[PDB]
RNA sequence: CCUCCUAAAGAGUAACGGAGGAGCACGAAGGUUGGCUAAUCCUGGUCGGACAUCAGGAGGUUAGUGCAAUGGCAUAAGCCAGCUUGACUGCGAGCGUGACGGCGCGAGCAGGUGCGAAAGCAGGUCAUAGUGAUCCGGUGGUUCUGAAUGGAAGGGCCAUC
RNA sequence: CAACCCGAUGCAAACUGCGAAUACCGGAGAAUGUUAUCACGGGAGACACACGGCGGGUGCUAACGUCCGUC
RNA sequence: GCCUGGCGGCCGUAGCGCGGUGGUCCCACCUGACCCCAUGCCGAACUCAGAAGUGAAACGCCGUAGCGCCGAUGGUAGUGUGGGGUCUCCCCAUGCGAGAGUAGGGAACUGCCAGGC
Ligand SMILES: [Mg+2]
Ligand SMILES: [Mg+2]
Ligand SMILES: [Mg+2]
Ligand SMILES: [Mg+2]
Ligand SMILES: [Mg+2]
Ligand SMILES: [Mg+2]
Ligand SMILES: [Mg+2]
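Below is the structure:
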């Protein structure tokens, strides 16, 4: 579970990506996962990864998820004809691109967060990297 | 619908007339309002409107 | 201008020394009484309104201004029109003259009055209190009158603060309670 | 299912962009629905029912901005 | 505001006036005074003027804003705006309910000869 | 048939693409003249409380718009009242939009109206849906025609179902 | 347990207080182009298009897939 | 040239706020109101006849950066033509080049007539 509680329209178009995300430098913690690659997160993934983080940090520490699905992404049934009305919404993906701030940690050692996001990127289509708060 | 096609007639001895509609359902009062009568070439009173 | 004169005379200067105002053209004046008597109900009866009207026209020396409905979506119900009352502000002369029949024959013509509120004030400094029940004062046949009544009354003074709003009114014969 | 339909042409836009031959009454702008996207002004005005910017007397078109807070205002002097 | 009110009221005609490219004769009013001046279509340059404030009328008068005290100014404007060759102009009551002092000076200047 | 996206910042463009509406409504909901301006919250006020009406402050097209949507609207296209019938007749410089049949915008001209002191506004509604070609007939009008002549039937023409 | 609002981070075909390249419309100018341009008239054929590039709906940014625009 | 009014220009670096300031010249409130003319109640507004009063409000000035607003240099995004890589994306030559944000700017600048000095 991790989708918009509401929306003006049930089905959004296809569209596409163009790299270079906006939210780059962490503005909530002192660590986190970076994009480094293009792609879209099936939400369930970002959630599957989130759990990994927790199940490592044990407790102590605040986590962030600047990424969000919000994108419908339909699908067509099995043995069903073609072009007969846009298929119904199946899941919810999260369009991300190079330079995206996936998550953010702070209340934990840099050695922990490090070997915490490594267990996170484990379940991820995009190749993420580690980053620090940095003055700028 | 419920709006019948009403026809206004000139008070003049001419046969010229106008046309429109009315909601007789709630306006059973024959309408009049004066309009131009090409035949007599003069603005006069027009009646008849259920 | 009975009370009116008293203002400029006794009052004003009283405030000019108690508030040390620079110019006389500042001392908070009396800015019309408003009244209202929200008949509410109406809907079914409707007559209790026209009655409230005269019952109001009696008090005020002018003519009642039957109001309508703003929201028209009242929780209860009410439509766009749906009359609910009649403000009927006061006009200088009649206003102060009313400020007479009142404070001298209104609050005085009590029901169980033992002190008037001192928090009927506002922000800019405007007091407005509801009689909670028409004191049956000089109305059409005091006894031979319509079922109950009750209404509101707003003064709305030209004061800049309730604090100064105290001086005014109190500078007169405002019953109050201390 | 329940999804389809559509109006049609209804061009409504600029047909007399900037200066032009500007005849006794071309258009220069038929962007209907509007009244502020192109305000009636200058030697011309009209602004017919569908708000279609008329364009009176012959001349050149202008396309101004004169007036508090944007306010297009199409005007046509004589050429 | 009271002032801000009148303005918007006349802002209308004062637009259908400019648009008409006609020469309007503004008529400002006030408790102790009455004004009137004929401005060019461009509304930038003024052509004539006759206000009760001008001693030339204030003295021979009685009370600036005495109704007929305005009518005087009314014709006064006409006087100037005539020898100058100025005539036939649109009256801009300027949000002022055409009926009293504005009514006067108007029909007054009108009677004085002005065409409108 | 109408509105939006697709539609790549002129027009226009497809799909069993994504969304929502029309088959009407008003003699006032039209015309004009005069005037007015919200929603929402805070404070204070009889019965009045979540919200009836009253007062003050903040606020500023977040209201309203007969009905979808988009665009527009304060000089209000929004609201109220007086007086009215321009929801007139004949024409129309000139344009927009269609393969065509058509459809739309229209200053100004003549006759006559209404509102306004006046400039002026008015040829239906804030605009864009609210619709049916031709034939065959029906009704009124007309000295257009009318098979030897005078009539008439019938036909044309204009209005119209 | 949380709206609203304050600050800090993002998202949009049916969001926009911003905003290009560019296309288009018009005006003037030189050269070049064996009138290329417009109107009218005689004769047509053609209204199954396919792929590749770019912008896209649909499809799984599947298909030598499907549907538009454009070269 | 000082100040004020009417009418426009341009329409936020012209606005909002906060502070000070101005007077019977103008303006403003302000006095009176049977009356002209008004109030779906009200002389509040509109309207008329005008003191006495005062700059309190509004307004007009001047000051002030807290908030709007204007805003580059540079870099980034995008993109027309030519070319290349290649998974849907991107690079190169070359012209065009934002938005945001940064420095900074900024408490309007004006014309016509009139009236007071
Ligand atoms: Mg287009
Ligand atoms: Mg294009
Ligand atoms: Mg409409
Ligand atoms: Mg075919
Ligand atoms: Mg084919
Ligand atoms: Mg094709
Ligand atoms: Mg194919």
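Protein chains in written order, with UniProt numbering: chain A, 1 to 136; chain B, 4 to 53; chain C, 2 to 179; chain D, 7 to 85; chain E, 2 to 117. Just so you know, even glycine gets a beta-carbon here, dropped at the ideal spot from N, CA and C.
Handout entry: Proximal residues to residue 43/B (C-beta, below 7 Å), its chain only, five neighbours per side dropped
Key = Translated into positions along the second chain, residue 43/B becomes position 40. Around residue 43/B: 15 and 17.
Handout entry: 7 Å Cβ cutoff met for residue 144/A and residue 91/A
Key = No information on residue 144/A is available, as it lies outside the stretch 1 to 136 that chain A covers here.
Handout entry: Straight-line Cα distance separating residue 8/C from residue 10/E
Key = Against the fifth chain, residue 10/E aligns to sequence position 9. Against the third chain, residue 8/C aligns to sequence position 7. Near 38 Å, if we compare the C-alpha coordinates of residue 8/C and residue 10/E.
Practice task
Quick one: using the 10 Å Cβ neighbour count with 16 as the cut-off for buried, is residue 42/E buried or exposed?
Solution key: As a position in the fifth chain, residue 42/E is number 41, starting the count at 1. Classification of residue 42/E: exposed, given that the 10 Å Cβ count is below 16.
Practice task
Just the C-alpha distance for residue 67/E and residue 102/E, rounded to the nearest angstrom, thanks.
Solution key: Residue 67/E sits at position 66 when you count from the first residue of the fifth chain. Residue 102/E sits at position 101 when you count from the first residue of the fifth chain. The straight-line gap from Cα to Cα measures roughly 8 Å.
Practice task
Consult DSSP for residue 44/D and reduce its assignment to one of helix, strand or coil.
Solution key: For the purposes of this step, residue 44/D is taken as residue 38 along the fourth chain, with counting starting at 1. Correct three-state label for residue 44/D: coil.
Handout entry: Rounded straight-line distance, which links the Cα of residue 18/C to that of residue 149/C
Key = Indexing the third chain from 1 puts residue 149/C at position 148. Indexing the third chain from 1 puts residue 18/C at position 17. Roughly 44 Å separates the two Cα atoms.
Problem - Backbone secondary structure at residue 30/A - three-state DSSP - result: Taking the first chain and counting its residues from 1, the one referred to as residue 30/A is at position 30. Three-state DSSP puts residue 30/A in coil, outside helix and strand.
Problem - Contacts around residue 99/C, its chain only, beta-carbon distance under 8 Å, and the 5 residues preceding and following it disregarded - result: Numbered from its first residue, the third chain carries residue 99/C at position 98. Only 34, 60, 61, 62 and 91 meet the Cβ criterion.
Exercise for the section: Could you spell out where the alpha helix (DSSP H) holding residue 91/E opens and where it closes? Expected result: Stepping through the fifth chain from its first residue, residue 91/E is reached at position 90. Note, residue 91/E: premise wrong, no alpha helix (DSSP H); beta strand (DSSP E) at 91 to 93.
Exercise for the section: Find out if the Cβ-Cβ distance for the pair residue 105/A, residue 29/A is shorter than 7 Å. Expected result: Counting from one through the first chain, the residue named residue 105/A turns up at place 105. Counting from one through the first chain, the residue named residue 29/A turns up at place 29. Yes, the pair counts as a contact, with Cβ atoms nearer than the cut-off.
Practice task
Give me the Cβ distance between residue 26/D and residue 67/D, rounded to the nearest whole Å; I'm assuming they're in contact under 8 Å.
Solution key: In the fourth chain, residue 26/D corresponds to position 20, counting from 1. In the fourth chain, residue 67/D corresponds to position 61, counting from 1. That belief holds up - the Cβ atoms of residue 26/D and residue 67/D are roughly 5 Å apart, short of 8 Å.
Handout entry: Neighbourhood of residue 88/E by C-beta, 7 Å cutoff - its chain only, sequence neighbours within 5 removed
Key = To locate residue 88/E, count along the fifth chain from 1; it is residue 87. Cβ neighbours of residue 88/E beyond the five flanking positions: 115 and 116.
Problem - Beta carbon of residue 65/E nearer than 7 Å to that of residue 100/E - result: Residue numbering aside, residue 65/E sits at position 64 when the fifth chain is read from its first letter. Residue numbering aside, residue 100/E sits at position 99 when the fifth chain is read from its first letter. Not closer than 7 Å, so no.
Problem - Distance between residue 92/E and residue 98/E (C-alpha atoms, nearest Å) - result: Against the fifth chain, residue 98/E aligns to sequence position 97. Against the fifth chain, residue 92/E aligns to sequence position 91. Distance between the alpha carbons of residue 98/E and residue 92/E is about 12 Å.
Handout entry: Residue(s) in a DSSP beta bridge with residue 59/D
Key = Working through the fourth chain from its first residue, we reach residue 59/D at position 53. The partner list for residue 59/D (beta bridge, DSSP) reads 35/D.
Handout entry: Where residue 235/C falls, given that 16 or more other Cβ within 10 Å makes a residue buried
Key = Only positions 2 to 179 of chain C appear in the structure, and residue 235/C is not among them; the question remains open.
Exercise for the section: Quickly, what does DSSP pair residue 105/A with across the bridge? List them, please. Expected result: In the first chain, residue 105/A corresponds to position 105, counting from 1. BP columns for residue 105/A point to 63/A.
Problem - Bridge partner(s) assigned by DSSP for residue 40/A - result: The residue you call residue 40/A lines up with position 40 of the first chain. Answer by DSSP bridge pairing, in chain order: 95/A.
Problem - Bridge partner(s) assigned by DSSP for residue 34/E - result: Start at 1 with the first residue of the fifth chain, and residue 34/E comes out as number 33. DSSP output for residue 34/E lists 31/E as bridge partner(s).
Practice task
Mind the definition here: the segment 67 to 83 of chain A touches the segment 111 to 120 of chain A only if three or more C-beta pairs lie below 8 Å; say whether that holds.
Solution key: no
Problem - Stretch pair the segment 78 to 88 of chain C + the segment 14 to 33 of chain C: three plus CB contacts closer than 8 Å - result: no
Problem - Proximity of residue 54/E and residue 106/E at Cβ, strictly below 7 Å - result: On the fifth chain, position 53 is the one that residue 54/E refers to. On the fifth chain, position 105 is the one that residue 106/E refers to. Cβ distance not < 7 Å, so residue 54/E and residue 106/E don't count as in contact.
Exercise for the section: Tell me, please, whether the segment 31 to 48 of chain A touches the segment 4 to 15 of chain B by the rule of three or more beta-carbon pairs shorter than 8 Å. Expected result: no
Practice task
For the segment 14 to 30 of chain E and the segment 76 to 83 of chain D, state whether three or more C-beta atom pairs, one from each stretch, are separated by less than 8 Å.
Solution key: no
Practice task
Report buried or exposed for residue 35/D, applying the criterion of at least 16 other Cβ atoms within 10 angstroms of its Cβ.
Solution key: As a position in the fourth chain, residue 35/D is number 29, starting the count at 1. Buried, by the Cβ-count rule.
Handout entry: Element boundaries [alpha helix (DSSP H), containing residue 111/C]
Key = The residue given as residue 111/C occupies position 110 in the third chain. Where residue 111/C is concerned, there is no enclosing alpha helix (DSSP H), given that its DSSP letter is neither H nor E.
Handout entry: Span separating the alpha-carbon of residue 109/E from that of residue 72/E
Key = For the purposes of this step, residue 109/E is taken as the residue at position 108 of the fifth chain. For the purposes of this step, residue 72/E is taken as the residue at position 71 of the fifth chain. Computed Cα separation, rounded: 6 Å.
Problem - For residue 132/A, the nearest candidate out of 13/A, 113/A, 52/A and 126/A (CA to CA) - result: Position 132 of the first chain, counting from 1, holds the residue named residue 132/A. Selected option, being the one with the closest Cα: 113/A.
Problem - DSSP state of residue 26/E mapped onto helix, strand, coil - result: As a working mapping, residue 26/E is identified with position 25 in the fifth chain. In the structure shown, residue 26/E sits in a strand (DSSP, three-state: E or B).
Problem - Inter-residue Cα distance where the pair is residue 84/D and residue 28/D - result: Along the fourth chain, one-based indexing puts residue 84/D at 78. Along the fourth chain, one-based indexing puts residue 28/D at 22. Taking the straight line from one Cα to the other gives about 9 Å.
Exercise for the section: With residue 39/B as the anchor, note down where its beta strand (DSSP E) starts and where it stops. Expected result: In the second chain, the residue the question calls residue 39/B occupies position 36. Residues 38 to 40.
Handout entry: Backbone secondary structure at residue 49/B - three-state DSSP
Key = What you label residue 49/B is simply residue 46 of the second chain in a count that begins at 1. In the structure shown, residue 49/B sits in a strand (DSSP, three-state: E or B).
Handout entry: N-terminal and C-terminal residue of the beta strand (DSSP E) that residue 47/E is part of
Key = Sequence index remark: in the fifth chain, residue 47/E carries index 46 (1-based). That run of the beta strand (DSSP E) goes 47 to 50.
Practice task
Say whether the segment 131 to 140 of chain C touches the segment 105 to 119 of chain C, bearing in mind that this needs 3 or more beta-carbon pairs closer than 8 Å, one atom from each stretch.
Solution key: yes
Practice task
Give the DSSP-derived three-state secondary structure of residue 28/C in the structure shown.
Solution key: In the third chain, the residue the question calls residue 28/C occupies position 27. Residue state, collapsed to three classes: coil.
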